[PDB]
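Heads up: the sequence lines are chains 14 and 10, in that order. Residue numbers 1623 to 1724, 1739 to 1823, in the authors' numbering, belong to the letters of the first sequence in order. Residue numbers 1574 to 1615, 1617 to 1720, in the authors' numbering, belong to the letters of the second sequence in order. Just so you know, even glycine gets a beta-carbon here, dropped at the ideal spot from N, CA and C. Notes for the one structure printed next.
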Amino acid sequence: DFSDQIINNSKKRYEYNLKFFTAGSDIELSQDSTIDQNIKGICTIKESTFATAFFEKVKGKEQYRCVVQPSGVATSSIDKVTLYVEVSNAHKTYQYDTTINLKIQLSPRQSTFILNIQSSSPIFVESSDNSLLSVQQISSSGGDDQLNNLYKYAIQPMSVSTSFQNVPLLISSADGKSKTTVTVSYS
Amino acid sequence: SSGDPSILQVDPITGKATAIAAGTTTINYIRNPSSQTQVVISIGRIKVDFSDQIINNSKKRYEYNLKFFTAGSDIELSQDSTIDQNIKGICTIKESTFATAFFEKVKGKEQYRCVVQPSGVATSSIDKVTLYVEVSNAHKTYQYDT
């Protein structure tokens, strides 16, 4: 029972209630305080390292839950946060389970530099001056580069007749929030 | 046992444990004499070691040792043989065709390295032999580079 707990913050726990039903008739088991249903279980995350999980019994009831806690902030390289849950009786005479989604310098001997930048969100890279400087994205035709989340930009003087200093290259994430500046010279 | 099975799940018998979340917890020995160890889970830095290997010969390899550290606290990871830190990585050269590089795990340790091998002799058309290194866990749930 999700309780609308969309995973958006690592400084929160995501605490998902469990309900358990009869084989062949799908009737929910009695949650009463005179009973222990003798239930054990295990919760984990599958496919992704973005969160950890565990199984918990609500102290003083036949009420049970998954507790999930993120390790970081999500990247684009995460389709899903696959929850896994096993339940068994205290002796494991059976098991049953489920899976559910949750500076630079340039010269007449080195007229090109290559700026490598790692990011899971797309990256804009700009010159403040496109009359002294040339900037171009390099197309990674090997798939090895693409798996590394590694954006690449060629950086050049716009003429080999005009030396310059400290011209700011800009760098920004495609949500506008993360920004960096790299000053460039040609000599 | 574990002090928190959601940070660090453990087998009650064979002592095998898996680092599930970033954080701090314990592993406990329940039998007399009863004992414990704390455990911490976190990569946020690379160091390369040069070992004075100046690139002067195309018939030599230049084999640069890697060290890896926590996020925020910059403590080096456990190089122990009861562990696999589950690390992958990529090494390349940038800006210059004067050399090639790759990533290597030292066979039988949690020790890792770059290996660099030149293509020729250095011409005056070369400011640098810029090394690049990426590291990630085996699933790429993160990447980090230098």
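Residue pairing for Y1718 (chain 10): DSSP places it in a beta bridge opposite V1709 (chain 10). Each of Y1686 (chain 14), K1633 (chain 14), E1762 (chain 14) and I1753 (chain 14) was checked against the Cα of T1819 (chain 14), and the nearest Cα belongs to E1762 (chain 14). CA-CA distance, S1655 (chain 14) to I1600 (chain 10), rounds to 33 Å. Here the alpha carbons of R1635 (chain 10) and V1680 (chain 10) stand approximately 15 Å from one another. Counting only the Cα atoms, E1669 (chain 14) lies some 22 Å from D1626 (chain 14). With contacts defined by Cβ atoms closer than 8 Å, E1708 (chain 14) and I1661 (chain 14) do not form a contacting pair. A check of alpha carbon separations from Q1659 (chain 10) across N1711 (chain 10), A1673 (chain 10) and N1630 (chain 10) identifies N1711 (chain 10) as the nearest.
In this structure the segment 1791-1800 of chain 14 touches the segment 1755-1773 of chain 14; the number of beta carbon pairs closer than 8 Å is three or more. Here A1645 (chain 14) is exposed: its Cβ has fewer than 16 other Cβ atoms, across all protein chains shown, within 10 Å.
Boundaries of the beta strand (DSSP E) harbouring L1640 (chain 14): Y1636 to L1640, taken from the DSSP string.
When DSSP states are grouped into helix, strand and coil, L1783 (chain 14) belongs to the helix group. Closest in C-alpha terms to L1705 (chain 10), from the list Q1717 (chain 10), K1683 (chain 10), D1623 (chain 10) and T1587 (chain 10), comes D1623 (chain 10). In this structure the segment 1672-1687 of chain 14 lies against the segment 1628-1643 of chain 14, because at least three pairs of beta carbons, one per stretch, are closer than 8 Å. Secondary structure of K1668 (chain 14) (DSSP, three-state): coil. Interface flag for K1668 (chain 10) against chain 14 is set, since a Cβ pair is found closer than 8 Å. With the criterion set as a beta carbon lying under 8 Å from some beta carbon of chain 14, the segment 1634-1645 of chain 10 has no members that meet it. With contacts defined as CB atoms closer than 8 Å, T1597 (chain 10) and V1613 (chain 10) qualify as a contacting pair. Beta-bridge annotation (DSSP): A1675 (chain 10) is paired with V1690 (chain 10). An exposed status is given to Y1718 (chain 14), since fewer than 16 other beta-carbon atoms sit within 10 Å of its beta-carbon. Chain-order list of chain 10 residues neighbouring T1671 (chain 14): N1711, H1713, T1715 and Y1716, by C-beta distance under 8 Å. Identification of chain 14 residues near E1708 (chain 10) by a Cβ-Cβ cut-off of 8 Å yields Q1754, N1784 and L1786, ordered along the chain. Counting only residues of its own chain and dropping the five nearest sequence neighbours on each side, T1674 (chain 10) has a CB closer than 6 Å to the CB of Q1691. With respect to chain 10, the C-beta atom of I1750 (chain 14) has a partner C-beta closer than 8 Å. DSSP, reduced to helix, strand and coil, places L1651 (chain 10) outside both helices and strands of the structure shown, so it counts as coil. Residue pairing of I1774 (chain 14) in beta bridges, as defined by DSSP: absent, with no partner found. Listed along chain 14 is no residue with a C-beta nearer than 7 Å to that of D1658 (chain 10); the closest approach is about 14 Å. Taking each of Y1602 (chain 10), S1607 (chain 10), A1595 (chain 10) and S1608 (chain 10) in turn and checking the Cα distance to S1693 (chain 14), the smallest one comes out for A1595 (chain 10). Of all residues in the segment 1674-1700 of chain 10, the ones placed with a Cβ closer than 7 Å to any Cβ belonging to chain 14 are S1698 and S1699, in chain order.
For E1637 (chain 10), the CB contacts under 7 Å within the same chain, skipping 5 residues up- and downstream, are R1687 and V1689 in chain order. Here the alpha carbon of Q1754 (chain 14) sits roughly 10 Å from the alpha carbon of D1781 (chain 14).
Per DSSP, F1624 (chain 14) is not a residue of any beta strand (DSSP E), being assigned neither H nor E.
Excluding the 5 residues flanking it on each side, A1696 (chain 10) has same chain C-beta neighbours closer than 7 Å at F1672, in chain order.
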